[PDB]
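See structure below.
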Amino acid sequence: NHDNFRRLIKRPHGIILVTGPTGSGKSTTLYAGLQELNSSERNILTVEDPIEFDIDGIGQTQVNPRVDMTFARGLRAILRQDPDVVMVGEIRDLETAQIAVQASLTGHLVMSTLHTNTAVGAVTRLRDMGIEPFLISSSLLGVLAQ
Amino acid sequence: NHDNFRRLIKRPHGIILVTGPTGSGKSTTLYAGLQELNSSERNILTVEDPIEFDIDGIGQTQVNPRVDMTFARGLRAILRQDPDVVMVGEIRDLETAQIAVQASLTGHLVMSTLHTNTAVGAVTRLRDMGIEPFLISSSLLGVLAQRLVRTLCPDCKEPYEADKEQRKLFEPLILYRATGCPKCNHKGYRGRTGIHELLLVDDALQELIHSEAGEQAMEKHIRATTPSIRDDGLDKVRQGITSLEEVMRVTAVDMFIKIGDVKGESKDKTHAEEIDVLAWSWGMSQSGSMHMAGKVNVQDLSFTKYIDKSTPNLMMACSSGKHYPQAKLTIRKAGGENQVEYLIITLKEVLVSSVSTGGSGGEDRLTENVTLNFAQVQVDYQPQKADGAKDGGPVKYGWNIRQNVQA
Amino acid sequence: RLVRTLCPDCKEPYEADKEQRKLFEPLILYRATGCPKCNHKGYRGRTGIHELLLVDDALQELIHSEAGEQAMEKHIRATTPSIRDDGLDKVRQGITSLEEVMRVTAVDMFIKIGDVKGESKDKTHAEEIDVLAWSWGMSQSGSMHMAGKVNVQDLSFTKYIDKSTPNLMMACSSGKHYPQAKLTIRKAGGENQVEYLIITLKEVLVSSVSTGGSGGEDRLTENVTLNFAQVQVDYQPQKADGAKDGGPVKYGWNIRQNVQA
């Protein structure tokens with residue numbers, strides 16, 4: 001499972017989702033994935049709500065409602081920093097997913113989470129919000145039900 | 001490629017797409033196309049996200065999310081400025097494509113991009129979003145599948161003769177290798193160049209899009225006319241611009257029957273000019289009751305067929321009572337000509353025992369039933385494994401009915 | 001809807017393809033092009049295309065009881081022409097293109113028995129008998145398990161009750177034979193299509209006539225069988241495009257004398 005996840009998070013582009021219920025240790029798994037990628041040869045940035053803890057060597061922006069800094073606006077800002085990999089806290093709505101799908105197609109490796117009970121539930125959930133059935137097939141690398 | 005692209009972008013109307021993966025230099029190609037058109041006799045406007053750089057003499061609006069100015073709304077606004085040519089950053093969704101298709105039909109030349117791996121992938125992608133298959137044929141002028149390849153540094157590249165597997169891709173044929181050095185610093189390349197594949201929608205391609213032939217069928221007709229992405233790259237390898245390493249990285253059963261030498265109207269590749277069978281029935285019965293010997297009674301092999309060019313020949317054979325040397329009923333799994341001919345019933349010394357034809361006022365193709373009497377019969381079925389491969393050889397059935405013995 | 005009008009000075013005539021012909025015998029439509037009055041698009045001016053839904057007694061129920069869009073759309077297509085059909089009529093007339101309308105949006109069988117006239121409205125096969133169905137066969141008594149003889153059946157065919165009905169009944173009653181009878185089968189399209197199967201009979205009797213009708217039928221039908229001395233079947237093969245692939249393949253047989261013909 002580690003070797004398969006290693007190869008997936010080390011791809012040049014695509015979306016990798018980690019799914020399950022609340023308190024299933026998704027962040028811990030994402031944080032471990034980013035720490036593994038944390039090298040001098042890549043630019044890793046994240047949007048979180050809130051930031052669980054600080055990874056030294058990786059940029060981490062926080063979702064601030066006082067200045068209307070949302071996941072969508074935060075993710076849209078990160079893409080102008082010339083990133084190689086991006087980690088979004090979670091893709092709750094369509095607007096945030098649309099940017100993440102565009103990000104994955106445009107040479108970035110995207111990472112996020114979805115509150116779905118199964119690994120098929122994640123692919124499911126993207127189809128529900130309003131992502132064209134195709135766009136999921138092209139971008140999605142895999143899902144990790146945990 | 002330039003002259004073909006020139007003529008396409010200088011048409012009065014239609015959509016021209018540039019496709020490929022991220023970092024393939026699509027914008028650079030579009031920007032070069034707009035700069036070529038940039039004249040005082042045309043009104044050129046663009047919607048971009050973001051604007052890569054400023055072309056002086058051309059209007060360029062930017063996709064602003066602060067005022068909800070999207071590609072669709074931006075493109076819908078540009079069309080009210082009386083444009084001659086329009087360049088959309090990219091058509092990501094259906095709504096933006098719908099406006100671009102309407103724009104192309106309504107006297108505007110439209111330009112855009114799509115993240116698809118092939119030139120057929122662009123036509124593909126428009127069909128996926130939900131553009132009616134027709135609308136693509138009418139509007140689309142062509143597609144430009146583009147990749148970038150690193151240029152071998154001319155100061156330090158190594159000449160080498162290609163091997164057999166390399167020569168098969170394309171008389172001392174010398175290619176060039178990467179190496180590494182101080183200008184080379186210290187890789188085998190410095191700079192880049194584009195490799196292309198310009199799909200040009202002509203009368204033949206307008207049909208294939210309309211009737212939905214498909215990627216494969218459409219790819220077959222495309223290779224007949226337009227050179228591939230790889231072929232354009234391989235030409236640069238011959239010229240000595242890029243390496244071969246760089247070009248490669250970015251790169252219902254079917255049933256037939258043959259009665260003697262009587263020709264039918266089968267369009268099958270293997271079973272050409274035979275009789276297409278629609279249905280068939282054949283059996284026998286053993287009179288030898290075990291409750292106390294008897295004898296087998298082999299029935300005539302009935303089969304249905306369309307009324308084709310063999311119909312008069314079978315009627316003549318039935319009327320005259322002249323027998324054919326051999327008749328072979330071949331059955332085959334669903335897929336095509338390369339599938340396993342799993343059941344083959346060979347008949348010898350074959351008469352046409354009856355012919356029953358006719359038709360109704362609703363039928364487009366009339367059918368008829370034909371029965372076959374024969375002296376001998378041989379049936380060869382070929383076993384198959386779970387994957388579809390042949391499980392050993394085919395076991396035989398062979399009986400001489402005239403002599404009442406094994407054959 | 002509004003549709004741009006093709007400029008009459010510069011529009012290109014073209015024969016429609018199969019997928020185009022399926023939307024609507026040389027059927028010519030017209031294309032956009034571009035030119036100095038055309039300036040430089042394929043159109044100048046406009047015209048309206050319409051679909052007038054007219055609320056009658058049937059539609060007053062469907063609105064009341066809430067049948068629904070689909071159910072209501074089904075009854076609407078029975079009476080009123082569509083928006084597309086009104087547009088396609090203007091494409092036939094040569095006003096607008098098929099591109100402009102879309103953006104805003106069985107074998108024929110006849111038989112001629114002697115000189116008896118039917119009621120066919122066909123252009124080529126005028127005043128012949130319209131065939132609805134037919135059946136004919138033969139059987140060889142010979143066997144390969146050991147000669148025999150052929151037994152040609154009478155050619156049956158279905159037809160409407162037309163002006164030939166009494167003449168065929170008279171021929172069956174009197175037992176007088178016609179010099180020739182020719183069943184002609186033809187592909188779907190019209191008079192210019194290939195007559196791909198022609199069965200010519202000679203010295204033809206009317207062996208039986210079975211007629212009738214029901215209280216629900218608008219046009220009554222009847223079955224007629226034909227006995228004959230000789231028979232000739234001419235099948236014409238065709239290529240993929242529809243053109244004739246060589247000459248027609250012949251089968252001829254004299255049943256009276258039991259020989260080839």
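Each chain of the structure tokens is named A, B, ... in the order shown, its residues numbered from 1; ligands are numbered from 1 in display order.
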Quick one: residues within 10 Å of residue A:38, only C-alpha atoms, excluding same-chain residues fewer than 6 positions away - as an mmCIF file with N, CA, C and O atoms, in the first residue's frame?
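Produced file result.cif, reproduced below:
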```
data_model
loop_
_atom_site.group_PDB
_atom_site.id
_atom_site.type_symbol
_atom_site.label_atom_id
_atom_site.label_comp_id
_atom_site.auth_asym_id
_atom_site.auth_seq_id
_atom_site.Cartn_x
_atom_site.Cartn_y
_atom_site.Cartn_z
ATOM 1 N N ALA A 32 1.776 12.989 5.999
ATOM 2 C CA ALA A 32 2.833 11.998 5.795
ATOM 3 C C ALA A 32 3.249 11.914 4.324
ATOM 4 O O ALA A 32 4.422 11.693 4.017
ATOM 5 N N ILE A 44 6.013 22.780 -2.935
ATOM 6 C CA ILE A 44 4.769 22.274 -2.357
ATOM 7 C C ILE A 44 4.086 23.373 -1.544
ATOM 8 O O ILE A 44 4.710 23.991 -0.680
ATOM 9 N N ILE A 55 4.660 21.897 8.668
ATOM 10 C CA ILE A 55 5.730 21.158 8.004
ATOM 11 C C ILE A 55 6.792 22.168 7.579
ATOM 12 O O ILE A 55 6.517 23.056 6.766
ATOM 13 N N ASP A 56 7.998 22.041 8.128
ATOM 14 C CA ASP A 56 9.102 22.931 7.774
ATOM 15 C C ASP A 56 9.642 22.554 6.396
ATOM 16 O O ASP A 56 10.051 21.410 6.177
ATOM 17 N N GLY A 57 9.643 23.518 5.478
ATOM 18 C CA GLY A 57 10.050 23.285 4.091
ATOM 19 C C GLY A 57 8.890 23.319 3.111
ATOM 20 O O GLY A 57 9.097 23.262 1.898
ATOM 21 N N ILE A 58 7.666 23.413 3.637
ATOM 22 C CA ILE A 58 6.454 23.452 2.820
ATOM 23 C C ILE A 58 5.607 24.669 3.199
ATOM 24 O O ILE A 58 5.386 24.935 4.381
#
```
Which residues are near residue B:346? Cut-off 9 Å, only C-alpha atoms, ignore same chain within fewer than 6 positions. Put them as a short mmCIF file (atom, residue, chain, number, x, y, z; two decimals) with N, CA and C atoms, in the first residue's frame.
```
data_model
loop_
_atom_site.label_atom_id
_atom_site.label_comp_id
_atom_site.auth_asym_id
_atom_site.auth_seq_id
_atom_site.Cartn_x
_atom_site.Cartn_y
_atom_site.Cartn_z
N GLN B 326 -18.57 -30.09 -52.14
CA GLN B 326 -18.44 -29.77 -50.72
C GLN B 326 -19.22 -28.51 -50.34
N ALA B 327 -19.72 -28.49 -49.10
CA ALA B 327 -20.38 -27.31 -48.53
C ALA B 327 -19.98 -27.16 -47.06
N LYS B 328 -19.45 -25.99 -46.70
CA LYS B 328 -18.89 -25.76 -45.37
C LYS B 328 -19.60 -24.62 -44.62
N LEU B 329 -20.36 -24.98 -43.59
CA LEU B 329 -21.00 -24.01 -42.70
C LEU B 329 -20.03 -23.63 -41.58
N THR B 330 -19.61 -22.37 -41.56
CA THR B 330 -18.65 -21.88 -40.57
C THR B 330 -19.32 -20.95 -39.57
N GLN B 376 -22.07 -37.34 -46.86
CA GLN B 376 -21.24 -37.35 -45.66
C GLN B 376 -21.35 -36.01 -44.93
N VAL B 377 -20.87 -36.00 -43.69
CA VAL B 377 -20.88 -34.79 -42.87
C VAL B 377 -19.74 -34.81 -41.86
N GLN B 378 -19.09 -33.66 -41.68
CA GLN B 378 -18.00 -33.51 -40.73
C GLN B 378 -18.19 -32.22 -39.92
N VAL B 379 -18.13 -32.33 -38.60
CA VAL B 379 -18.34 -31.20 -37.70
C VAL B 379 -17.12 -31.04 -36.80
N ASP B 380 -16.48 -29.88 -36.87
CA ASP B 380 -15.27 -29.61 -36.10
C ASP B 380 -15.44 -28.38 -35.21
#
```
Dump as CSV the rows for residues of chain B within 8 Å of chain A: closest atom pair and distance in Å with one decimal, only C-alpha atoms counted, ordered by chain and rising residue number.
```
residue,atom,partner,partner_atom,distance
B:21,CA,A:106,CA,7.7
B:22,CA,A:106,CA,5.1
B:23,CA,A:107,CA,7.5
B:115,CA,A:105,CA,7.2
B:128,CA,A:134,CA,7.2
B:129,CA,A:132,CA,7.3
```
Could you list, as a JSON list (two decimals) with N, CA and C atoms, in the first residue's frame, every residue within 10 Å of residue B:403, counting only C-alpha atoms and ignoring same-chain residues fewer than 2 positions away?
```json
[["chain", "number", "residue", "atom", "x", "y", "z"],
["B", 375, "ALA", "N", -24.27, -36.68, -48.54],
["B", 375, "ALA", "CA", -23.85, -38.06, -48.36],
["B", 375, "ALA", "C", -23.04, -38.23, -47.08],
["B", 376, "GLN", "N", -22.07, -37.34, -46.86],
["B", 376, "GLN", "CA", -21.24, -37.35, -45.66],
["B", 376, "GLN", "C", -21.35, -36.01, -44.93],
["B", 399, "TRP", "N", -19.25, -38.78, -40.08],
["B", 399, "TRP", "CA", -20.14, -39.91, -40.37],
["B", 399, "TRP", "C", -20.52, -39.97, -41.85],
["B", 400, "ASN", "N", -20.33, -41.14, -42.45],
["B", 400, "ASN", "CA", -20.78, -41.41, -43.81],
["B", 400, "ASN", "C", -22.22, -41.91, -43.75],
["B", 401, "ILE", "N", -23.16, -41.08, -44.20],
["B", 401, "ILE", "CA", -24.59, -41.41, -44.12],
["B", 401, "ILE", "C", -24.99, -42.37, -45.23],
["B", 405, "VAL", "N", -21.36, -45.57, -41.88],
["B", 405, "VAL", "CA", -20.13, -45.89, -41.15],
["B", 405, "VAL", "C", -19.39, -44.61, -40.74],
["B", 406, "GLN", "N", -18.38, -44.77, -39.88],
["B", 406, "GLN", "CA", -17.57, -43.65, -39.39],
["B", 406, "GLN", "C", -16.72, -43.06, -40.52],
["B", 407, "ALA", "N", -16.44, -41.76, -40.42],
["B", 407, "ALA", "CA", -15.64, -41.05, -41.42],
["B", 407, "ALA", "C", -14.79, -39.97, -40.76],
["C", 145, "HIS", "N", -28.23, -39.80, -50.60],
["C", 145, "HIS", "CA", -28.01, -40.96, -49.74],
["C", 145, "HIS", "C", -28.09, -42.28, -50.52],
["C", 146, "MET", "N", -28.53, -42.23, -51.77],
["C", 146, "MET", "CA", -28.61, -43.41, -52.63],
["C", 146, "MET", "C", -27.28, -43.60, -53.31]]
```
Please identify every residue of chain B that has at least one atom no farther than 8 Å from an atom of chain C, counting only C-alpha atoms, and for each give the shortest atom pair and the distance in Å to one decimal, arranged by chain then increasing number, as JSON lines.
```
{"residue": "B:12", "atom": "CA", "partner": "C:41", "partner_atom": "CA", "distance": 7.0}
{"residue": "B:102", "atom": "CA", "partner": "C:103", "partner_atom": "CA", "distance": 6.9}
{"residue": "B:105", "atom": "CA", "partner": "C:100", "partner_atom": "CA", "distance": 7.5}
{"residue": "B:107", "atom": "CA", "partner": "C:41", "partner_atom": "CA", "distance": 6.0}
{"residue": "B:135", "atom": "CA", "partner": "C:103", "partner_atom": "CA", "distance": 7.3}
{"residue": "B:138", "atom": "CA", "partner": "C:99", "partner_atom": "CA", "distance": 6.6}
{"residue": "B:207", "atom": "CA", "partner": "C:17", "partner_atom": "CA", "distance": 7.9}
{"residue": "B:210", "atom": "CA", "partner": "C:19", "partner_atom": "CA", "distance": 7.0}
{"residue": "B:211", "atom": "CA", "partner": "C:19", "partner_atom": "CA", "distance": 6.2}
{"residue": "B:308", "atom": "CA", "partner": "C:235", "partner_atom": "CA", "distance": 7.3}
{"residue": "B:309", "atom": "CA", "partner": "C:249", "partner_atom": "CA", "distance": 6.2}
{"residue": "B:312", "atom": "CA", "partner": "C:251", "partner_atom": "CA", "distance": 4.7}
{"residue": "B:313", "atom": "CA", "partner": "C:251", "partner_atom": "CA", "distance": 6.9}
{"residue": "B:315", "atom": "CA", "partner": "C:251", "partner_atom": "CA", "distance": 7.4}
{"residue": "B:316", "atom": "CA", "partner": "C:251", "partner_atom": "CA", "distance": 6.8}
{"residue": "B:318", "atom": "CA", "partner": "C:140", "partner_atom": "CA", "distance": 5.2}
{"residue": "B:319", "atom": "CA", "partner": "C:150", "partner_atom": "CA", "distance": 4.8}
{"residue": "B:320", "atom": "CA", "partner": "C:150", "partner_atom": "CA", "distance": 7.4}
{"residue": "B:321", "atom": "CA", "partner": "C:142", "partner_atom": "CA", "distance": 6.3}
{"residue": "B:323", "atom": "CA", "partner": "C:144", "partner_atom": "CA", "distance": 7.9}
{"residue": "B:349", "atom": "CA", "partner": "C:144", "partner_atom": "CA", "distance": 6.9}
{"residue": "B:350", "atom": "CA", "partner": "C:144", "partner_atom": "CA", "distance": 7.0}
{"residue": "B:351", "atom": "CA", "partner": "C:144", "partner_atom": "CA", "distance": 6.7}
{"residue": "B:352", "atom": "CA", "partner": "C:140", "partner_atom": "CA", "distance": 7.1}
{"residue": "B:353", "atom": "CA", "partner": "C:140", "partner_atom": "CA", "distance": 4.9}
{"residue": "B:354", "atom": "CA", "partner": "C:139", "partner_atom": "CA", "distance": 4.1}
{"residue": "B:355", "atom": "CA", "partner": "C:138", "partner_atom": "CA", "distance": 5.3}
{"residue": "B:356", "atom": "CA", "partner": "C:137", "partner_atom": "CA", "distance": 4.2}
{"residue": "B:357", "atom": "CA", "partner": "C:136", "partner_atom": "CA", "distance": 5.3}
{"residue": "B:358", "atom": "CA", "partner": "C:135", "partner_atom": "CA", "distance": 3.6}
{"residue": "B:359", "atom": "CA", "partner": "C:134", "partner_atom": "CA", "distance": 5.0}
{"residue": "B:360", "atom": "CA", "partner": "C:133", "partner_atom": "CA", "distance": 3.6}
{"residue": "B:361", "atom": "CA", "partner": "C:132", "partner_atom": "CA", "distance": 4.3}
{"residue": "B:362", "atom": "CA", "partner": "C:106", "partner_atom": "CA", "distance": 5.4}
{"residue": "B:363", "atom": "CA", "partner": "C:106", "partner_atom": "CA", "distance": 5.6}
{"residue": "B:364", "atom": "CA", "partner": "C:106", "partner_atom": "CA", "distance": 4.4}
{"residue": "B:365", "atom": "CA", "partner": "C:107", "partner_atom": "CA", "distance": 7.6}
{"residue": "B:373", "atom": "CA", "partner": "C:144", "partner_atom": "CA", "distance": 6.5}
{"residue": "B:374", "atom": "CA", "partner": "C:144", "partner_atom": "CA", "distance": 5.6}
{"residue": "B:375", "atom": "CA", "partner": "C:145", "partner_atom": "CA", "distance": 5.3}
{"residue": "B:401", "atom": "CA", "partner": "C:145", "partner_atom": "CA", "distance": 6.6}
{"residue": "B:402", "atom": "CA", "partner": "C:145", "partner_atom": "CA", "distance": 4.6}
```
According to DSSP computed on the backbone, where in chain A is there alpha helix (DSSP H)? Give the residues as a VMD selection string. chain A and resid 2 to 9 26 to 37 71 to 78 94 to 105 119 to 129 133 to 139
What does the file look like for those residues with C-alpha atoms, as a JSON list (two decimals), in the first residue's frame?
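Listed below is the output, part_34.json:
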```json
[["chain", "number", "residue", "atom", "x", "y", "z"],
["A", 2, "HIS", "CA", 2.88, 2.40, 0.76],
["A", 3, "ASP", "CA", 4.75, 1.61, -2.49],
["A", 4, "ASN", "CA", 1.52, 2.07, -4.47],
["A", 5, "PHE", "CA", 0.79, 5.36, -2.68],
["A", 6, "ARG", "CA", 4.44, 6.46, -3.08],
["A", 7, "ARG", "CA", 4.31, 6.05, -6.87],
["A", 8, "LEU", "CA", 0.93, 7.81, -7.06],
["A", 9, "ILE", "CA", 1.91, 10.92, -5.04],
["A", 26, "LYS", "CA", -6.98, 11.65, 6.61],
["A", 27, "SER", "CA", -4.87, 14.72, 7.41],
["A", 28, "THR", "CA", -2.25, 12.55, 9.13],
["A", 29, "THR", "CA", -2.02, 10.49, 5.91],
["A", 30, "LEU", "CA", -1.81, 13.60, 3.70],
["A", 31, "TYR", "CA", 0.77, 15.20, 6.00],
["A", 32, "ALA", "CA", 2.83, 12.00, 5.79],
["A", 33, "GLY", "CA", 2.55, 12.10, 1.98],
["A", 34, "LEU", "CA", 3.71, 15.73, 1.79],
["A", 35, "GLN", "CA", 6.60, 15.04, 4.19],
["A", 36, "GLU", "CA", 7.70, 12.17, 1.92],
["A", 37, "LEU", "CA", 7.61, 14.49, -1.11],
["A", 71, "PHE", "CA", -10.55, 27.39, -0.29],
["A", 72, "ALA", "CA", -11.41, 28.40, -3.87],
["A", 73, "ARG", "CA", -9.71, 31.81, -3.66],
["A", 74, "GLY", "CA", -6.79, 30.30, -1.73],
["A", 75, "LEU", "CA", -6.35, 27.49, -4.27],
["A", 76, "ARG", "CA", -6.70, 30.01, -7.12],
["A", 77, "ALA", "CA", -3.91, 32.08, -5.50],
["A", 78, "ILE", "CA", -1.57, 29.10, -4.92],
["A", 94, "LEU", "CA", -18.11, 22.63, -7.09],
["A", 95, "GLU", "CA", -16.07, 25.85, -7.49],
["A", 96, "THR", "CA", -13.14, 24.44, -5.49],
["A", 97, "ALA", "CA", -13.31, 21.12, -7.38],
["A", 98, "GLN", "CA", -13.41, 22.89, -10.77],
["A", 99, "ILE", "CA", -10.12, 24.65, -9.94],
["A", 100, "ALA", "CA", -8.57, 21.41, -8.63],
["A", 101, "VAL", "CA", -9.57, 19.57, -11.83],
["A", 102, "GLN", "CA", -8.09, 22.37, -13.95],
["A", 103, "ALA", "CA", -5.00, 22.33, -11.71],
["A", 104, "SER", "CA", -4.53, 18.58, -12.27],
["A", 105, "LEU", "CA", -4.88, 18.90, -16.06],
["A", 119, "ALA", "CA", -13.37, 4.66, -2.44],
["A", 120, "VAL", "CA", -16.06, 4.65, -5.15],
["A", 121, "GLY", "CA", -17.86, 7.24, -3.00],
["A", 122, "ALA", "CA", -15.14, 9.77, -3.89],
["A", 123, "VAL", "CA", -15.57, 9.32, -7.67],
["A", 124, "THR", "CA", -19.29, 9.35, -6.89],
["A", 125, "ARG", "CA", -19.01, 12.63, -4.96],
["A", 126, "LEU", "CA", -17.21, 14.46, -7.81],
["A", 127, "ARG", "CA", -19.99, 13.40, -10.20],
["A", 128, "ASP", "CA", -22.58, 14.74, -7.71],
["A", 129, "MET", "CA", -21.16, 18.26, -7.29],
["A", 133, "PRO", "CA", -18.04, 12.54, -15.89],
["A", 134, "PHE", "CA", -15.09, 12.71, -18.28],
["A", 135, "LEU", "CA", -12.97, 15.18, -16.28],
["A", 136, "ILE", "CA", -12.75, 12.68, -13.41],
["A", 137, "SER", "CA", -11.34, 9.91, -15.65],
["A", 138, "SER", "CA", -8.59, 12.12, -17.12],
["A", 139, "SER", "CA", -7.42, 13.75, -13.87]]
```
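Note that atom CA of residue B:189 and atom CA of residue B:171 are 27.4 Å apart.
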Residue neighbourhood residue A:22, 12 Å, only C-alpha atoms, exclusion window fewer than 6 positions, as an MDAnalysis selection string: chainID A and resid 113:117 146
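For stretch 31-112 of chain A, backbone-based DSSP labels the following residues as strand (DSSP E): residues 44, 45, 46, 47, 48, 59, 60, 61, 62, 85, 86, 87, 88, 109, 110, 111 and 112 of chain A.
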B:20, B:53, B:93, B:117 ranked by distance to residue A:130, top pick (using only C-alpha atoms): B:93
What lies within 12 Å of residue B:208 using only C-alpha atoms, ignoring chain neighbours under 6 positions off, as a ChimeraX atom specification? /B:120,123-124,133-134,136-138,201-202,214-222 /C:17-19
For residue B:253, list every protein, DNA or RNA residue within 9 Å, evaluated using only C-alpha atoms, and leave out those in the same chain fewer than 6 positions away; present the list as a PyMOL selection string. chain B and resi 331-335
Store the residues of this selection in a file with N, CA and C atoms, as a short mmCIF file (atom, residue, chain, number, x, y, z; two decimals), in the first residue's frame.
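Result file follows (again22.cif):
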```
data_model
loop_
_atom_site.label_atom_id
_atom_site.label_comp_id
_atom_site.auth_asym_id
_atom_site.auth_seq_id
_atom_site.Cartn_x
_atom_site.Cartn_y
_atom_site.Cartn_z
N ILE B 331 -19.17 -21.25 -38.28
CA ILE B 331 -19.67 -20.40 -37.20
C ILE B 331 -18.48 -19.80 -36.46
N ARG B 332 -18.65 -18.59 -35.93
CA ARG B 332 -17.54 -17.84 -35.34
C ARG B 332 -18.02 -16.91 -34.23
N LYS B 333 -17.21 -16.77 -33.18
CA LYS B 333 -17.57 -15.93 -32.03
C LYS B 333 -17.66 -14.45 -32.40
N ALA B 334 -18.33 -13.68 -31.53
CA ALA B 334 -18.53 -12.25 -31.75
C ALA B 334 -17.22 -11.48 -31.55
N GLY B 335 -16.93 -10.56 -32.48
CA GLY B 335 -15.72 -9.75 -32.41
C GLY B 335 -15.25 -9.32 -33.79
#
```
Residue contacts of residue C:230 (9 Å, only C-alpha atoms) excluding same-chain residues fewer than 5 positions away, as a PDB file with N, CA, C and O atoms, in the first residue's frame:
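Saved file selection_34.pdb follows:
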```
ATOM      1  N   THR C 200     -40.018 -12.836 -63.545  1.00  0.00           N
ATOM      2  CA  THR C 200     -40.885 -12.840 -64.724  1.00  0.00           C
ATOM      3  C   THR C 200     -41.506 -14.220 -64.928  1.00  0.00           C
ATOM      4  O   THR C 200     -40.795 -15.222 -65.009  1.00  0.00           O
ATOM      5  N   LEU C 201     -42.839 -14.256 -65.011  1.00  0.00           N
ATOM      6  CA  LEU C 201     -43.593 -15.490 -65.217  1.00  0.00           C
ATOM      7  C   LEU C 201     -44.223 -15.473 -66.607  1.00  0.00           C
ATOM      8  O   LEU C 201     -44.524 -14.404 -67.137  1.00  0.00           O
ATOM      9  N   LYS C 202     -44.417 -16.655 -67.190  1.00  0.00           N
ATOM     10  CA  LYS C 202     -45.034 -16.785 -68.515  1.00  0.00           C
ATOM     11  C   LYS C 202     -46.146 -17.827 -68.495  1.00  0.00           C
ATOM     12  O   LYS C 202     -46.054 -18.823 -67.775  1.00  0.00           O
ATOM     13  N   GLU C 203     -47.185 -17.592 -69.297  1.00  0.00           N
ATOM     14  CA  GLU C 203     -48.371 -18.457 -69.342  1.00  0.00           C
ATOM     15  C   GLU C 203     -48.963 -18.605 -67.939  1.00  0.00           C
ATOM     16  O   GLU C 203     -48.956 -19.692 -67.358  1.00  0.00           O
ATOM     17  N   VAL C 204     -49.482 -17.500 -67.408  1.00  0.00           N
ATOM     18  CA  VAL C 204     -49.836 -17.404 -65.993  1.00  0.00           C
ATOM     19  C   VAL C 204     -51.341 -17.515 -65.739  1.00  0.00           C
ATOM     20  O   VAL C 204     -52.124 -16.719 -66.257  1.00  0.00           O
ATOM     21  N   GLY C 252     -33.447 -19.316 -64.953  1.00  0.00           N
ATOM     22  CA  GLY C 252     -34.571 -19.593 -65.846  1.00  0.00           C
ATOM     23  C   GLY C 252     -34.911 -21.067 -65.859  1.00  0.00           C
ATOM     24  O   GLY C 252     -34.013 -21.911 -65.907  1.00  0.00           O
ATOM     25  N   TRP C 253     -36.204 -21.384 -65.817  1.00  0.00           N
ATOM     26  CA  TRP C 253     -36.653 -22.775 -65.807  1.00  0.00           C
ATOM     27  C   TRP C 253     -38.031 -22.943 -66.439  1.00  0.00           C
ATOM     28  O   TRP C 253     -38.966 -22.207 -66.119  1.00  0.00           O
ATOM     29  N   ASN C 254     -38.141 -23.921 -67.336  1.00  0.00           N
ATOM     30  CA  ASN C 254     -39.416 -24.306 -67.932  1.00  0.00           C
ATOM     31  C   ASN C 254     -40.019 -25.443 -67.108  1.00  0.00           C
ATOM     32  O   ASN C 254     -39.515 -26.567 -67.132  1.00  0.00           O
ATOM     33  N   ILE C 255     -41.092 -25.146 -66.379  1.00  0.00           N
ATOM     34  CA  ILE C 255     -41.709 -26.120 -65.468  1.00  0.00           C
ATOM     35  C   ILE C 255     -42.560 -27.125 -66.245  1.00  0.00           C
ATOM     36  O   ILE C 255     -42.640 -28.298 -65.870  1.00  0.00           O
ATOM     37  N   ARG C 256     -43.194 -26.661 -67.320  1.00  0.00           N
ATOM     38  CA  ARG C 256     -44.031 -27.518 -68.165  1.00  0.00           C
ATOM     39  C   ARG C 256     -43.212 -28.631 -68.824  1.00  0.00           C
ATOM     40  O   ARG C 256     -43.642 -29.785 -68.856  1.00  0.00           O
ATOM     41  N   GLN C 257     -42.035 -28.272 -69.341  1.00  0.00           N
ATOM     42  CA  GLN C 257     -41.153 -29.221 -70.028  1.00  0.00           C
ATOM     43  C   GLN C 257     -40.039 -29.769 -69.127  1.00  0.00           C
ATOM     44  O   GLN C 257     -39.336 -30.703 -69.516  1.00  0.00           O
ATOM     45  N   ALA C 261     -34.223 -22.690 -68.971  1.00  0.00           N
ATOM     46  CA  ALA C 261     -34.776 -21.642 -69.829  1.00  0.00           C
ATOM     47  C   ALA C 261     -34.153 -20.288 -69.500  1.00  0.00           C
ATOM     48  O   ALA C 261     -34.393 -19.299 -70.193  1.00  0.00           O
TER      49      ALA C 261
END
```
